[PDB]
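Per-chain residue numbering starts at 1, and chain names A, B, C and D are given in the order in which the chains are listed.
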Amino acid sequence: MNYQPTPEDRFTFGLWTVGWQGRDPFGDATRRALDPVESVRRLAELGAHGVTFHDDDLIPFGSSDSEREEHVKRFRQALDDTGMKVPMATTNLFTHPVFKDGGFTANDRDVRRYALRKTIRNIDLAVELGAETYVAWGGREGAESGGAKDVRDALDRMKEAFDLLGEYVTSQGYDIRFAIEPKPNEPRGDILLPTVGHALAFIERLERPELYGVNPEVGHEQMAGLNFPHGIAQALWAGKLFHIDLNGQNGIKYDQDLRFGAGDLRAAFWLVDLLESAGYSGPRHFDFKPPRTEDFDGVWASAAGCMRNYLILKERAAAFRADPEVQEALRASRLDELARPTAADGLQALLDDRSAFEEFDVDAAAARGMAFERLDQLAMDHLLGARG
Amino acid sequence: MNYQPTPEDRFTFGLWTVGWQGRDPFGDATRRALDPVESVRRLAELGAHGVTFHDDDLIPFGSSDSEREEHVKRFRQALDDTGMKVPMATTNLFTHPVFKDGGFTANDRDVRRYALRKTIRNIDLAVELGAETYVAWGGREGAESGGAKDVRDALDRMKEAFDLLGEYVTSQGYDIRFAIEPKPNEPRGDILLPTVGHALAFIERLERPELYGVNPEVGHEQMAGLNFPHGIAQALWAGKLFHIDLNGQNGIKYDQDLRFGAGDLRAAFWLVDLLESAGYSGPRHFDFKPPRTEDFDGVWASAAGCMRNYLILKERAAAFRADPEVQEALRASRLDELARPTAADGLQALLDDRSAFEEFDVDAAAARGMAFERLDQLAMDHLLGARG
Amino acid sequence: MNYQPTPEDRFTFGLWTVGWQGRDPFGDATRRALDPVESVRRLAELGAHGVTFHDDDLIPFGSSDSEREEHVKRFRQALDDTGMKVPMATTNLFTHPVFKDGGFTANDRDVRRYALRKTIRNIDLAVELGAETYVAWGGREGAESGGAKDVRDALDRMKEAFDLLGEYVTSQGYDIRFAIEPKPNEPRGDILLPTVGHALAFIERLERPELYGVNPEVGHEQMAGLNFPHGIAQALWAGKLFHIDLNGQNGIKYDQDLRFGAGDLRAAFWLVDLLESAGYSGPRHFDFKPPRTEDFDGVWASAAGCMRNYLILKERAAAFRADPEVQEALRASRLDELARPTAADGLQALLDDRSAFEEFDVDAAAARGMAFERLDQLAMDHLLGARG
Amino acid sequence: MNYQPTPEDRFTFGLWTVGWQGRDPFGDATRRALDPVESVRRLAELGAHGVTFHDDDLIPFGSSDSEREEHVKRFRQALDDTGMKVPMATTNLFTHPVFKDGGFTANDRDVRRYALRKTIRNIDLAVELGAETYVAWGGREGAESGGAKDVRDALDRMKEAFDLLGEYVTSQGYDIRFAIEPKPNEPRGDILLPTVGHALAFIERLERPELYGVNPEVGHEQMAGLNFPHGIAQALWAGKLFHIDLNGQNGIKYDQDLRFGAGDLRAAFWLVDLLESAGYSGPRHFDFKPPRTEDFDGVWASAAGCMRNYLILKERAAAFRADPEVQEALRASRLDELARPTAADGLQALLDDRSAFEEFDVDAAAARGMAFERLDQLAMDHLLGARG
């Protein structure tokens, strides 16, 4: 009946989302720039919990140390005036031309060292503002051609970079953790660590893996045609879902950054179901772009719809799981047996169990239907509010 | 000039590849079944090194222990007569109806225990035949709908299954290692561990991770639109490329299993370049299907073309890397600098280096071109044999 | 409140849909075959209007003329007993091995002539049973390799085949029309006439184009990543939507044939909105497969869900369009102006209109927002039943 | 041995290709702007035949009639100095913010009239410069959401626009033809007329269809996963290939605009084979972007590689078709029979031919292999220059 967000729902937005001016690779900006202070005030009025930023969203590139203290001071006063928080920050290592072949894995060694110094400068600012997560999206780490990048040497350089950042925050005593954001392509023809799985595997080779997790994005995994709730489950299973970027995507094409709930609606339902039933307690961060067709009233409408659709889906997924008819269908489909160990009795007792092989009636087991279609139609009816 | 394979090139084929009868989801078989003994003899004549099998390719399902010893004896005599080896084996946990919801992660616990016993029985046979790698492709582990599979519980069951198989081979003293083969979809709507990255990350949570690697397949990663040479580089970087399945795929669609070299030809070039320059020494295994348009002469022609195209690409990639003009272009594109540590001087010296930030001339660095297009055209000229 | 289908909703199902035994390219059948008579009775009980068939679903291949009259007689008695109709029929030119390189565009001329005779025999039966539409899905017309098929010669053969079928029905005086069903791939690597657009363009070169339309399928166009409601609008605009196949598909991958409403739910909403507002009056035909996880109770559950989801979406799209708040938002987004001619005043008056160029204020026009995000959130709220 | 282009090879380039400054949706320009006069001179030195332009590439938007005559005069003097021609021109209806919801199908009627006047002004200039083809790429005609665009009304507006342009060139007596360029998405979420087929079908509903053809682009059709040589064959079959845009694309993702020959190399081979064997005589136009990693030496290297790869592939496809071994394999695969009419004897003689049905031996026909794998390996050997 009521889908009004409050700061306790932990909804957050990047400054670059509502602040996107509408420039795309075929067209000029359609909106004027927004002052960060205005975005903070506007988002607070809509019920958001907080904002996030890249260094260059908040402090224009090439700013003097004095212009920098001014930009931060103004920002901090808007945070104090509104009660908004800053739970995550990140570095822009993709817009300036010096990063055209990457930041941490640029072929030029001087660019790699510059990228690390630009990053470290912003981790200190993030800690000052109270961020608990520092995201890294290596949007330019990759290649358009095969010979341009030796990927084993580039992974050595990427490991070296994250290892030095871990050393830095530990030597400084900071309580901040890192989250790597995978994306398969765009703007490079192929990007390194293209999916949540490749990022998870990479983290296990860092020197201090407990400091690093993932920041998956809905549309990124869908650009590889993957099931985003399945990848989030794997990240939760590994203990590494540190943050999450929510938006919508219609399939395998350029990154559309639609508002959350747009794109694949059923996948959004199953995602909310999983985050709420696993008790994910981090921010619900929207990394989206209001389409360039819109004026500023459409920007705020689009941001409000992100939060509204999360809260509708949350109510429908909770109704689904609480429905005794669904709980019976889950048992009929043997979800309860999936959660039981296959062989708590141990290897030797499995080997000696004739009911597991010699005397197993495979034709009788094969004839049992799984009853998944009736379960899925109950899930559809709940999503559409069609229960009777 | 000569592209004739010999058993030293380590080319291997599954019995199910040349033995595929042509049944697809819309049509009946177009070829008669082949006897395994005939395939071994035919493949040996073409210059192959060895063959691989699923348990049910070699021993028809529901065979008595006596019919089983007969099937194996005949097979072993063809191996002895030809000099062919058996470097890898695997289990069929996908064809029989009992596996319709999976083997290791089936919701029904009795099916999960049966899948493990069927697997263990075939590991013993594989060891008897001298296989060094045991592959697992969980083709039915997955779902068509969101509520049918809790993925955290399914990963617990998958970990449990691989952990028990590791216990078994260690308690038996066997020198065989496991390779997990990822695939993103087909025949399930989404398959668990869909890419090389998700498999690599999963392995790091097994109790004895050193026993497990990956068996990536060209067409599988391309069904997610990913760069297969990049994923192989990541697997090599992690020390986990235990085996590899070679074939061709035209993009994101059903798994075509074309012969190797078909599909994305430039990706095949960069793959061969990487395997030969990293010194991969395992089998070059072809997991492909001769199209159902072909008769048996076209089957053998298709198998021969797999090996021929590998050896042409091997010669062109070696000519590329040996060309002094290419070696100069690699330096011009700073591939030599990519291989140097970013900061061997350490964190504190990076922080105190003004040339890395305060005094870094970003506009001069940004203006340097990377010269990647001339390098890539040298690579194209070498691939096409157009050097002058 | 009520989503119970009746025969007036015109829901139809192919015999091969609920009758699919579950054989996929990696696994054996999981269900027994269904007798056509049982499917007709079962579907009638669920509220369906009618059934469709391929020749070989109803009469097993290689049946004697006498076994054939028997199969038809039994079928006709089930139709009479239930009131079910047969609005469409089609030919199987894809399952038997003789069709491995196609029916109408097979390279072998004798196969092409056989395909036409098999087709003509079944058009006569379809007319006898009262079908008004004859569908053609050229599932084997295509190629896996470039040199195997000269596509201009194959389109000449396809045109020749459809032209002879048009001559046949006109010389016989039959009132039946043809509908070509496009698909981009599977089971051939690329299929000719891969999308609704390529089929529409081809029809305009037939000798009697008024006899031919399209039979688009939801999942087929989504296998090319296309917007299915947009392609249906183009077909309606051309006067050629003769029939439609409804199902669900999760993106670009093998053809999943999920029940309608599954897959891309928002696209299903916009499709129903368009069919009901354009007054499409043909059958709502479901071409889907109950997943092979299911037993026969899950088959009927899946078929019922096809109809249920159509009727829920129909009610939500009608509520959307009738909502005065939506009608105001449509005007705010200038959908009313889109429907007005750009230049009913004619070319010369446009050329002399200074307000159209010399004096057009482009900056003022560019600043107007289109208000599409608020319209789309109204559409989301209606779909989810969240209006307040 | 020699792959040096000359103006007789008819290679052409858009000003916006080599002139692309490197701005992408995540980053700033990496190259300075090029003066059109410099590009003409540079391209002439490389062996190009001519250049193409959008109105706004040549005359900056908002130019006075006097600044406009100056820009044209300078350009014309570079054309005269170099011998370069201008065979095609087009309109930019996508960059300025006023076109954010489209040009010809914008919801706002005043924008639609402005788009037509901007177009007509540039057709006159194109004719003055001697262009024979006028291209239209409706990059902003489309939508991100379902309710924003009624597609039947938008196709009425698109037809109205092209019909008025046809009236204009006929009333002026101009000898120029139009070519519509389809693209499936980007920058709109879905673009109207998304593929060559949808454009071909649309043209048949214009009032003077003989004035309109298509301008297909390699990467555009591959963004829908379609076979570009098959779509070009259909366009040639319909008599509508008026122009062609050549580039490379790695699969279904954002439009990469790689140089021709990059991306799918085998598809480039089959495309060149078809254009040269069908005797396409229009321009070979490159619509590509040198990657933003490159400096100006890499721009010219990338442009040269476009032409080089066309000429290598042309030589390999001509060697393929001329090889007597290939000509025998084409007969073995019955390509000669594909080109023969199925039933030149007519419908009645087909119906009375018992050898076409009653007495057709389907099992003997089904057993004949098509020999396509050996043909395809001959095509691979020719492409790689590996014939022996």
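Following the convention adopted for this analysis, a contact is a pair of C-beta atoms (placed from the backbone, for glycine too) under 8 Å apart; a residue touches a chain by one contact, two chains touch by 3 or more.
Chain identities (UniProt): A, B, C, D = Xylose isomerase.
J.: Could you let me know which interface, B-C or A-B, is made of more C-beta pairs in contact?
T.: Per the contact counts, A-B leads.
J.: With residue numbering as the guide, point to the option in C-D, A-C or A-D that repeats B-D in over half of the contact pairs.
T.: When the contact pairs of B-D are compared with those in C-D, A-C or A-D, A-C matches.
J.: Measure off the straight-line distance from the CA centroid of chain B to the CA centroid of chain C, and report it in whole Å.
T.: Distance between chain centres, rounded to whole Å: 38 Å.
J.: Please work out the Cα centroid separation of chain A and chain B, and write it as a whole number of Å.
T.: Using C-alpha averages as centres, the distance is 30 Å.
J.: At which residue positions does chain B touch at least two other chains?
T.: Where chain B meets two or more other chains at a single residue, that happens at 30, 96-97, 100-101, 144-145, 148, 184-185, 190, 223, 225, 252-253, 262, 266, 291, 293, 366-368, 370, 372-373, 376.
J.: Where on chain C does chain B make contact in their complex?
T.: The contact residues of chain C facing chain B are 22-30, 94-97, 99-101, 139-140, 144-145, 148, 184-187, 189-190, 223, 250, 252-256, 258, 262, 291-293.
J.: Taking the complex as given, what residues does chain C use to touch chain A?
T.: Within the complex, chain C touches chain A at residues 1, 3, 30, 222, 225, 251-253, 259, 261-262, 264-266, 290-291, 293-298, 301-302, 304-305, 308-309, 312, 316, 366-374, 376-377, 380, 383-386, 388.
J.: In their complex, what parts of chain B are in touch with chain A?
T.: 96-98, 100-101, 104-105, 107-114, 116-118, 120-121, 143-157, 160-161, 164, 167-168, 171, 184-185, 190, 192-202, 204-205, 223-227, 229-231, 233-234, 236-238, 252, 266, 269-270, 273, 278, 330, 333-335, 337-343, 347, 350-351, 353, 355-357, 360, 362-363, 365-368, 370, 372-373, 375-376, 378-379
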